[PDB]
Amino acid sequence: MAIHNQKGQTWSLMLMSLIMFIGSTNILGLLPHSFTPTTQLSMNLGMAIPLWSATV
Amino acid sequence: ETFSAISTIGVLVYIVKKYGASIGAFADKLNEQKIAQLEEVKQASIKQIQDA
Amino acid sequence: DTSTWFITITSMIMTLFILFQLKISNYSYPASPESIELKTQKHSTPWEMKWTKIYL
Amino acid sequence: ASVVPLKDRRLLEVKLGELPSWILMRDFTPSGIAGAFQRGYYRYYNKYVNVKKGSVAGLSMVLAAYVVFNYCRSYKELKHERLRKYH
Amino acid sequence: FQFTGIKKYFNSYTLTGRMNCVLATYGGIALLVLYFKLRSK
Amino acid sequence: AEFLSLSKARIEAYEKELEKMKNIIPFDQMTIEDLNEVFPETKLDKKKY
C-alpha cells in the first residue's frame, strides 16, 4: 500500500489474494506425496499475461 | 523414495516447540484487541455523561 | 514431465479467483476502528456549540 | 448430497477447532475455549502439547488426511512389490 | 451469490484485467504447433 | 427560555443515548454488526491507510 499512494490503491486489494494462493500452493507440496499446480508451466502463462497486460 | 517424508514431518515437530509461544502472540493479539474496546467504551461513556 | 498441450489447468485457475476474493474480502482492519472515535467527539462538541449558541 | 458433505465440515470444525463467536453462539464460542483438543490429543503420543491457542490437532488431521488421500494415486506407479511381503 | 459480493470489483478492474484474449490467442496458437508435429510425427 | 425549551429534549436524547450505549457493549465476543454502530464503516475507498 505504502509505495503506490494514489487512486491506484483500488488495485491493491486483489494483489493480496495473489500472494495467498501461490503462497499456499507452493507450501502444500513439501508434504510426502502431494502435487503443486504451480509446477506445470501452463497456468503461470495464464497468471502473467492477464495481469501484465492489465498494466499497460 | 520417501525418507523425505519423515524430514518434512520432523521439521514440523520443531515448530510445535515455538507453538507454545505462539499462544501468547495469538493470545496477545486477542488481549491487545480487547484493550481497545475497553478504552473506547470508557472514553465514550465519560463524554456522553458530562455533556448532559 | 515436459508436459504438453496446455488445454488443462488455466481454465481452472480463474474459478479459484472467485473463491479468494470471497474469503479475504470479509476481513477487518484495526485502523478503521480508530477513525469512528474521532467523528463522535466533534459532533457532540458542535452540539455543545449548538447548546452554547442556545445560550449565546 | 450437497447438504451431506457440507454438514461434514461444519461438524469437523465446530468440535475440534475452533468454534467461533457471534452471540447466538457466545457460549458456543467458549465451548471451544476448553476445546475438544483434549479429545484430539491422545492419538500421537503426548508430544504435540502446544495446541492450546495455536491448535495442532485441529489442523494436523486435515493434512494427515490429504497425505493418505494422495498415497492412493501414487500406488499404481510405484508398485515394486515382489511375490511376498516386506520385513 | 458468488457475483454480487464482488460485482462492484469486476467492472472496476476487468476493463483492463479481463484481457485473457491475448492469453487465448497465445494459447490457441500454442495448440496448433503441437497437433502439427504429431501429424508429421 | 428557548434554551430551557429546545435543549431540554437535547438533554433527554443525550440521556437516552447513555441508555443504549450500555446495551451495545454487552459480551466481549458479542457481534460484528452491533459493534458496527459506534466504530464506522463507509463506501468504497474511504479508509486511505
# chains A, B, ... in the order shown; residues from 1 in each chain; ligands from 1

$ residues_around --residues "residue 6 (chain A)" --least-positions-apart "4" --cutoff "12 Å" --atoms "only C-alpha atoms" --output "ChimeraX atom specification"
/A:1-2,10-12 /F:45,48-49

$ residues_around --residues "region 35-42 of chain C" --least-positions-apart "2" --cutoff "9 Å" --atoms "only C-alpha atoms" --output "mmCIF file with N, CA, C and O atoms, in the first residue's frame"
data_model
loop_
_atom_site.group_PDB
_atom_site.id
_atom_site.type_symbol
_atom_site.label_atom_id
_atom_site.label_comp_id
_atom_site.auth_asym_id
_atom_site.auth_seq_id
_atom_site.Cartn_x
_atom_site.Cartn_y
_atom_site.Cartn_z
ATOM 1 N N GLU B 40 -12.304 2.367 24.539
ATOM 2 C CA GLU B 40 -13.335 3.066 23.779
ATOM 3 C C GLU B 40 -14.664 3.235 24.509
ATOM 4 O O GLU B 40 -15.255 4.311 24.468
ATOM 5 N N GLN B 43 -14.151 5.741 27.249
ATOM 6 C CA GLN B 43 -13.988 7.052 26.640
ATOM 7 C C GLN B 43 -15.330 7.573 26.155
ATOM 8 O O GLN B 43 -15.646 8.749 26.306
ATOM 9 N N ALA B 44 -16.113 6.690 25.546
ATOM 10 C CA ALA B 44 -17.429 7.063 25.056
ATOM 11 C C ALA B 44 -18.365 7.442 26.199
ATOM 12 O O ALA B 44 -19.114 8.413 26.105
ATOM 13 N N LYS B 47 -17.680 11.092 27.972
ATOM 14 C CA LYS B 47 -18.074 12.224 27.147
ATOM 15 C C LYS B 47 -19.582 12.459 27.138
ATOM 16 O O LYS B 47 -20.042 13.594 27.256
ATOM 17 N N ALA C 31 -7.213 -0.304 12.134
ATOM 18 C CA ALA C 31 -7.206 1.135 11.938
ATOM 19 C C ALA C 31 -8.596 1.746 11.745
ATOM 20 O O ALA C 31 -8.857 2.830 12.267
ATOM 21 N N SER C 32 -9.493 1.084 11.014
ATOM 22 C CA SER C 32 -10.799 1.702 10.814
ATOM 23 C C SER C 32 -11.508 1.946 12.140
ATOM 24 O O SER C 32 -12.382 2.816 12.234
ATOM 25 N N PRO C 33 -11.148 1.185 13.177
ATOM 26 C CA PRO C 33 -11.817 1.326 14.468
ATOM 27 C C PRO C 33 -11.364 2.579 15.207
ATOM 28 O O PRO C 33 -12.067 3.058 16.104
ATOM 29 N N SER C 44 -20.573 15.980 19.134
ATOM 30 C CA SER C 44 -21.147 16.454 20.389
ATOM 31 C C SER C 44 -20.513 17.770 20.823
ATOM 32 O O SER C 44 -21.121 18.542 21.573
ATOM 33 N N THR C 45 -19.285 18.036 20.368
ATOM 34 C CA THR C 45 -18.660 19.327 20.635
ATOM 35 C C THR C 45 -19.348 20.437 19.853
ATOM 36 O O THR C 45 -19.506 21.556 20.355
ATOM 37 N N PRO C 46 -19.760 20.146 18.617
ATOM 38 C CA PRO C 46 -20.562 21.100 17.861
ATOM 39 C C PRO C 46 -21.993 21.142 18.380
ATOM 40 O O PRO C 46 -22.673 22.169 18.270
ATOM 41 N N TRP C 47 -22.470 20.027 18.940
ATOM 42 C CA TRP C 47 -23.780 20.025 19.586
ATOM 43 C C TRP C 47 -23.752 20.830 20.878
ATOM 44 O O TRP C 47 -24.737 21.487 21.232
ATOM 45 N N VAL F 38 -20.967 2.346 16.540
ATOM 46 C CA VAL F 38 -20.064 3.380 17.037
ATOM 47 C C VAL F 38 -18.869 3.529 16.113
ATOM 48 O O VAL F 38 -18.680 4.577 15.487
ATOM 49 N N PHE F 39 -18.048 2.492 16.016
ATOM 50 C CA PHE F 39 -16.960 2.451 15.051
ATOM 51 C C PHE F 39 -17.530 2.364 13.649
ATOM 52 O O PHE F 39 -18.451 1.597 13.376
ATOM 53 N N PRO F 40 -17.006 3.137 12.732
ATOM 54 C CA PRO F 40 -17.755 3.383 11.499
ATOM 55 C C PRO F 40 -17.414 2.458 10.343
ATOM 56 O O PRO F 40 -16.407 1.746 10.354
ATOM 57 N N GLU F 41 -18.287 2.469 9.342
ATOM 58 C CA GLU F 41 -17.998 1.926 8.026
ATOM 59 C C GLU F 41 -18.464 2.958 7.008
ATOM 60 O O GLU F 41 -19.204 3.887 7.341
ATOM 61 N N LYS F 47 -11.166 4.634 3.718
ATOM 62 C CA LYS F 47 -10.016 4.461 4.605
ATOM 63 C C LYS F 47 -8.756 4.434 3.752
ATOM 64 O O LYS F 47 -8.474 3.448 3.071
#

$ interface_residues --of "chain E" --to "chain F" --cutoff "12 Å" --atoms "only C-alpha atoms" --output "ChimeraX atom specification"
/E:8-9,12

$ write_last_selection --atoms "N, CA, C and O atoms" --output "CSV table (one decimal), in the first residue's frame"
chain,number,residue,atom,x,y,z
E,8,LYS,N,-19.1,-5.2,-7.7
E,8,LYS,CA,-18.6,-3.8,-7.7
E,8,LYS,C,-17.1,-3.8,-8.0
E,8,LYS,O,-16.6,-2.8,-8.5
E,9,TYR,N,-16.4,-5.0,-7.8
E,9,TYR,CA,-15.0,-5.1,-8.1
E,9,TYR,C,-14.7,-5.3,-9.5
E,9,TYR,O,-13.7,-4.9,-10.1
E,12,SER,N,-14.9,-2.5,-12.3
E,12,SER,CA,-13.8,-1.6,-12.0
E,12,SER,C,-12.5,-1.9,-12.7
E,12,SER,O,-12.0,-1.2,-13.5

$ interface_residues --of "chain E" --to "chain A" --cutoff "9 Å" --atoms "only C-alpha atoms" --output "NGL selection string"
:E and (9 or 12-23 or 27)

$ closest_atom_pairs --of "chain D" --to "chain F" --cutoff "7 Å" --atoms "only C-alpha atoms" --output "Markdown table"
| residue | atom | partner | partner_atom | distance |
| --- | --- | --- | --- | --- |
| D:21 | CA | F:29 | CA | 5.7 |
| D:22 | CA | F:31 | CA | 4.8 |
| D:23 | CA | F:30 | CA | 5.2 |
| D:26 | CA | F:29 | CA | 6.5 |

$ write_last_selection --atoms "N, CA, C and O atoms" --output "short mmCIF file (atom, residue, chain, number, x, y, z; two decimals), in the first residue's frame"
data_model
loop_
_atom_site.label_atom_id
_atom_site.label_comp_id
_atom_site.auth_asym_id
_atom_site.auth_seq_id
_atom_site.Cartn_x
_atom_site.Cartn_y
_atom_site.Cartn_z
N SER D 21 -17.25 -17.10 17.62
CA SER D 21 -18.11 -16.18 18.35
C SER D 21 -19.35 -15.83 17.55
O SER D 21 -19.89 -16.71 16.87
N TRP D 22 -19.85 -14.59 17.71
CA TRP D 22 -21.11 -14.04 17.19
C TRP D 22 -22.32 -14.64 17.88
O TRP D 22 -22.92 -15.60 17.39
N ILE D 23 -22.61 -14.09 19.07
CA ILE D 23 -23.64 -14.48 20.04
C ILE D 23 -24.97 -14.80 19.37
O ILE D 23 -25.38 -14.12 18.42
N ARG D 26 -22.39 -17.50 21.64
CA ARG D 26 -21.43 -16.94 22.59
C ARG D 26 -20.95 -17.99 23.58
O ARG D 26 -19.74 -18.13 23.82
#

$ select_by_dssp --residues "chain C" --states "helix (DSSP H, G or I)" --output "PyMOL selection string"
chain C and resi 9-12+16-23+32-55

$ write_last_selection --atoms "N, CA, C and O atoms" --output "CSV table (one decimal), in the first residue's frame"
chain,number,residue,atom,x,y,z
C,9,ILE,N,-5.1,-26.8,-16.9
C,9,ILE,CA,-5.3,-26.1,-15.7
C,9,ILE,C,-5.8,-24.6,-15.8
C,9,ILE,O,-6.5,-24.2,-14.9
C,10,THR,N,-5.4,-23.9,-16.8
C,10,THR,CA,-5.6,-22.4,-16.8
C,10,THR,C,-7.0,-22.0,-16.8
C,10,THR,O,-7.3,-20.8,-16.5
C,11,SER,N,-8.0,-22.9,-17.2
C,11,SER,CA,-9.4,-22.5,-17.0
C,11,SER,C,-9.9,-22.8,-15.6
C,11,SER,O,-11.0,-22.4,-15.3
C,12,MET,N,-9.1,-23.6,-14.9
C,12,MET,CA,-9.4,-23.9,-13.5
C,12,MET,C,-8.7,-23.0,-12.5
C,12,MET,O,-8.7,-23.3,-11.3
C,16,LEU,N,-10.8,-20.1,-9.3
C,16,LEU,CA,-10.3,-20.0,-7.9
C,16,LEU,C,-10.2,-18.6,-7.5
C,16,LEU,O,-10.4,-18.3,-6.3
C,17,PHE,N,-10.1,-17.6,-8.4
C,17,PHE,CA,-10.1,-16.2,-8.0
C,17,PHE,C,-11.5,-15.7,-8.0
C,17,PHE,O,-11.7,-14.5,-8.1
C,18,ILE,N,-12.5,-16.5,-7.9
C,18,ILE,CA,-13.8,-16.2,-7.3
C,18,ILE,C,-13.9,-16.6,-5.9
C,18,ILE,O,-14.6,-16.0,-5.1
C,19,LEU,N,-13.1,-17.6,-5.5
C,19,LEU,CA,-13.1,-18.0,-4.1
C,19,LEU,C,-12.3,-17.0,-3.2
C,19,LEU,O,-12.8,-16.6,-2.2
C,20,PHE,N,-11.0,-16.7,-3.6
C,20,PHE,CA,-10.1,-16.0,-2.8
C,20,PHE,C,-10.6,-14.5,-2.7
C,20,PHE,O,-10.2,-13.9,-1.7
C,21,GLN,N,-11.3,-14.0,-3.6
C,21,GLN,CA,-11.9,-12.7,-3.5
C,21,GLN,C,-13.2,-12.7,-2.7
C,21,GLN,O,-13.8,-11.7,-2.5
C,22,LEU,N,-13.6,-13.9,-2.2
C,22,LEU,CA,-14.8,-14.0,-1.4
C,22,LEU,C,-14.4,-14.1,0.1
C,22,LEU,O,-15.0,-13.5,0.9
C,23,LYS,N,-13.4,-14.9,0.4
C,23,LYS,CA,-12.9,-15.1,1.8
C,23,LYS,C,-12.3,-13.8,2.3
C,23,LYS,O,-12.7,-13.3,3.3
C,32,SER,N,-9.5,1.1,11.0
C,32,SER,CA,-10.8,1.7,10.8
C,32,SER,C,-11.5,1.9,12.1
C,32,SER,O,-12.4,2.8,12.2
C,33,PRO,N,-11.1,1.2,13.2
C,33,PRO,CA,-11.8,1.3,14.5
C,33,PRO,C,-11.4,2.6,15.2
C,33,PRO,O,-12.1,3.1,16.1
C,34,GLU,N,-10.2,3.1,14.9
C,34,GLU,CA,-9.7,4.3,15.5
C,34,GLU,C,-10.3,5.6,14.8
C,34,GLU,O,-10.1,6.7,15.3
C,35,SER,N,-11.0,5.4,13.7
C,35,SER,CA,-11.5,6.6,13.0
C,35,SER,C,-12.9,6.9,13.4
C,35,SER,O,-13.3,8.1,13.4
C,36,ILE,N,-13.7,6.0,13.9
C,36,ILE,CA,-15.0,6.2,14.3
C,36,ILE,C,-15.1,6.9,15.7
C,36,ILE,O,-16.1,7.5,16.1
C,37,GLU,N,-14.0,6.9,16.4
C,37,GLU,CA,-13.9,7.6,17.7
C,37,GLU,C,-13.7,9.1,17.5
C,37,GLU,O,-14.0,9.9,18.4
C,38,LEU,N,-13.2,9.5,16.3
C,38,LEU,CA,-12.9,10.9,16.1
C,38,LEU,C,-14.1,11.7,15.7
C,38,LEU,O,-14.3,12.8,16.2
C,39,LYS,N,-15.0,11.1,14.9
C,39,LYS,CA,-16.2,11.9,14.5
C,39,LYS,C,-17.2,12.0,15.5
C,39,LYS,O,-18.1,12.9,15.5
C,40,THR,N,-17.2,11.1,16.5
C,40,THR,CA,-18.1,11.2,17.6
C,40,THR,C,-17.7,12.3,18.6
C,40,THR,O,-18.6,12.9,19.3
C,41,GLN,N,-16.5,12.7,18.6
C,41,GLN,CA,-16.0,13.7,19.5
C,41,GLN,C,-16.4,15.1,19.0
C,41,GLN,O,-16.8,16.0,19.7
C,42,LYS,N,-16.3,15.3,17.6
C,42,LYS,CA,-16.5,16.6,17.0
C,42,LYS,C,-18.0,16.9,16.9
C,42,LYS,O,-18.4,18.0,16.8
C,43,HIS,N,-18.8,15.8,16.9
C,43,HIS,CA,-20.3,16.0,16.7
C,43,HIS,C,-20.9,16.6,18.0
C,43,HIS,O,-21.7,17.5,17.9
C,44,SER,N,-20.6,16.0,19.1
C,44,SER,CA,-21.1,16.5,20.4
C,44,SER,C,-20.5,17.8,20.8
C,44,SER,O,-21.1,18.5,21.6
C,45,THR,N,-19.3,18.0,20.4
C,45,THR,CA,-18.7,19.3,20.6
C,45,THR,C,-19.3,20.4,19.9
C,45,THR,O,-19.5,21.6,20.4
C,46,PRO,N,-19.8,20.1,18.6
C,46,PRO,CA,-20.6,21.1,17.9
C,46,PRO,C,-22.0,21.1,18.4
C,46,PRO,O,-22.7,22.2,18.3
C,47,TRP,N,-22.5,20.0,18.9
C,47,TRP,CA,-23.8,20.0,19.6
C,47,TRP,C,-23.8,20.8,20.9
C,47,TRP,O,-24.7,21.5,21.2
C,48,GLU,N,-22.6,20.8,21.6
C,48,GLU,CA,-22.5,21.7,22.7
C,48,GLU,C,-22.3,23.1,22.3
C,48,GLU,O,-22.7,24.1,23.0
C,49,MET,N,-21.7,23.3,21.1
C,49,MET,CA,-21.6,24.6,20.5
C,49,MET,C,-23.0,25.1,20.0
C,49,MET,O,-23.3,26.3,20.0
C,50,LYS,N,-23.8,24.1,19.6
C,50,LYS,CA,-25.2,24.4,19.3
C,50,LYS,C,-26.0,24.7,20.6
C,50,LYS,O,-27.0,25.4,20.6
C,51,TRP,N,-25.5,24.1,21.7
C,51,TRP,CA,-26.1,24.5,23.0
C,51,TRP,C,-25.5,25.8,23.6
C,51,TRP,O,-26.2,26.5,24.3
C,52,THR,N,-24.2,26.0,23.3
C,52,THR,CA,-23.6,27.3,23.6
C,52,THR,C,-24.2,28.5,22.8
C,52,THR,O,-24.4,29.6,23.4
C,53,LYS,N,-24.6,28.2,21.6
C,53,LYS,CA,-25.3,29.2,20.8
C,53,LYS,C,-26.8,29.3,21.3
C,53,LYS,O,-27.4,30.3,21.1
C,54,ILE,N,-27.3,28.2,21.9
C,54,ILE,CA,-28.6,28.3,22.5
C,54,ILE,C,-28.5,29.1,23.8
C,54,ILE,O,-29.5,29.5,24.3
C,55,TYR,N,-27.3,29.2,24.4
C,55,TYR,CA,-27.1,30.2,25.4
C,55,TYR,C,-26.8,31.6,24.9
C,55,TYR,O,-27.4,32.6,25.2

$ atom_distance --atom1 "CA of residue 59 (chain D)" --atom2 "CA of residue 16 (chain D)"
8.9 Å

$ closest_atom_pairs --of "chain A" --to "chain D" --cutoff "7 Å" --atoms "only C-alpha atoms" --output "CSV"
residue,atom,partner,partner_atom,distance
A:32,CA,D:67,CA,6.9
A:33,CA,D:70,CA,6.1
A:34,CA,D:70,CA,6.3

$ closest_atom_pairs --of "chain B" --to "chain D" --cutoff "6 Å" --atoms "only C-alpha atoms" --output "CSV"
residue,atom,partner,partner_atom,distance
B:19,CA,D:50,CA,5.6
B:20,CA,D:50,CA,4.6
B:23,CA,D:53,CA,4.6

$ closest_atom_pairs --of "chain E" --to "chain C" --cutoff "8 Å" --atoms "only C-alpha atoms" --output "tab-separated table"
residue	atom	partner	partner_atom	distance
E:2	CA	C:18	CA	7.0
E:5	CA	C:22	CA	7.2
E:6	CA	C:21	CA	7.3
E:27	CA	C:6	CA	7.8
E:30	CA	C:5	CA	7.6
E:31	CA	C:5	CA	6.1
E:34	CA	C:5	CA	6.6

$ interface_residues --of "chain B" --to "chain F" --cutoff "10 Å" --atoms "only C-alpha atoms" --output "NGL selection string"
:B and (34 or 37-38 or 40-41 or 44-46 or 48-49 or 51-52)

$ decode --residues "region 18-32 of chain F" --atoms "N, CA, C and O atoms" --output "mmCIF file, in the first residue's frame"
data_model
loop_
_atom_site.group_PDB
_atom_site.id
_atom_site.type_symbol
_atom_site.label_atom_id
_atom_site.label_comp_id
_atom_site.auth_asym_id
_atom_site.auth_seq_id
_atom_site.Cartn_x
_atom_site.Cartn_y
_atom_site.Cartn_z
ATOM 1 N N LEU F 18 -27.286 7.472 26.623
ATOM 2 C CA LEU F 18 -26.496 6.762 27.624
ATOM 3 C C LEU F 18 -27.137 5.429 27.986
ATOM 4 O O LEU F 18 -26.470 4.530 28.511
ATOM 5 N N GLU F 19 -28.437 5.285 27.718
ATOM 6 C CA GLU F 19 -29.109 4.015 27.969
ATOM 7 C C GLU F 19 -28.758 2.986 26.902
ATOM 8 O O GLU F 19 -28.476 1.824 27.216
ATOM 9 N N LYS F 20 -28.770 3.395 25.630
ATOM 10 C CA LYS F 20 -28.467 2.462 24.549
ATOM 11 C C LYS F 20 -26.974 2.168 24.470
ATOM 12 O O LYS F 20 -26.570 1.125 23.943
ATOM 13 N N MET F 21 -26.138 3.078 24.982
ATOM 14 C CA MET F 21 -24.695 2.853 24.959
ATOM 15 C C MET F 21 -24.292 1.764 25.945
ATOM 16 O O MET F 21 -23.262 1.102 25.765
ATOM 17 N N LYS F 22 -25.086 1.572 27.000
ATOM 18 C CA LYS F 22 -24.864 0.437 27.889
ATOM 19 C C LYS F 22 -25.227 -0.871 27.199
ATOM 20 O O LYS F 22 -24.606 -1.911 27.452
ATOM 21 N N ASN F 23 -26.267 -0.834 26.373
ATOM 22 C CA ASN F 23 -26.733 -2.018 25.653
ATOM 23 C C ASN F 23 -25.762 -2.613 24.629
ATOM 24 O O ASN F 23 -25.634 -3.832 24.517
ATOM 25 N N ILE F 24 -25.090 -1.744 23.882
ATOM 26 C CA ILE F 24 -24.169 -2.166 22.823
ATOM 27 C C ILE F 24 -22.919 -2.968 23.211
ATOM 28 O O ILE F 24 -22.563 -3.923 22.520
ATOM 29 N N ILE F 25 -22.252 -2.591 24.298
ATOM 30 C CA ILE F 25 -21.018 -3.275 24.695
ATOM 31 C C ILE F 25 -21.138 -4.758 25.068
ATOM 32 O O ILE F 25 -20.285 -5.561 24.679
ATOM 33 N N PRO F 26 -22.163 -5.100 25.848
ATOM 34 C CA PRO F 26 -22.634 -6.485 26.017
ATOM 35 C C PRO F 26 -21.515 -7.457 26.399
ATOM 36 O O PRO F 26 -20.699 -7.162 27.273
ATOM 37 N N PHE F 27 -21.487 -8.609 25.735
ATOM 38 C CA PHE F 27 -20.460 -9.622 25.962
ATOM 39 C C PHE F 27 -19.201 -9.268 25.180
ATOM 40 O O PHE F 27 -19.273 -8.545 24.186
ATOM 41 N N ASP F 28 -18.049 -9.766 25.617
ATOM 42 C CA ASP F 28 -16.816 -9.476 24.898
ATOM 43 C C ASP F 28 -16.904 -9.944 23.453
ATOM 44 O O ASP F 28 -16.559 -9.198 22.532
ATOM 45 N N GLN F 29 -17.433 -11.144 23.234
ATOM 46 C CA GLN F 29 -17.478 -11.783 21.927
ATOM 47 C C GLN F 29 -18.819 -11.592 21.232
ATOM 48 O O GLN F 29 -19.335 -12.541 20.640
ATOM 49 N N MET F 30 -19.402 -10.392 21.313
ATOM 50 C CA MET F 30 -20.837 -10.245 21.092
ATOM 51 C C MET F 30 -21.224 -10.332 19.620
ATOM 52 O O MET F 30 -21.880 -11.293 19.207
ATOM 53 N N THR F 31 -20.816 -9.361 18.808
ATOM 54 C CA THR F 31 -21.454 -9.228 17.500
ATOM 55 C C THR F 31 -20.549 -8.451 16.556
ATOM 56 O O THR F 31 -19.723 -7.645 16.988
ATOM 57 N N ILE F 32 -20.737 -8.684 15.257
ATOM 58 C CA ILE F 32 -19.925 -7.985 14.268
ATOM 59 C C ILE F 32 -20.727 -6.878 13.607
ATOM 60 O O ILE F 32 -20.218 -6.155 12.744
#
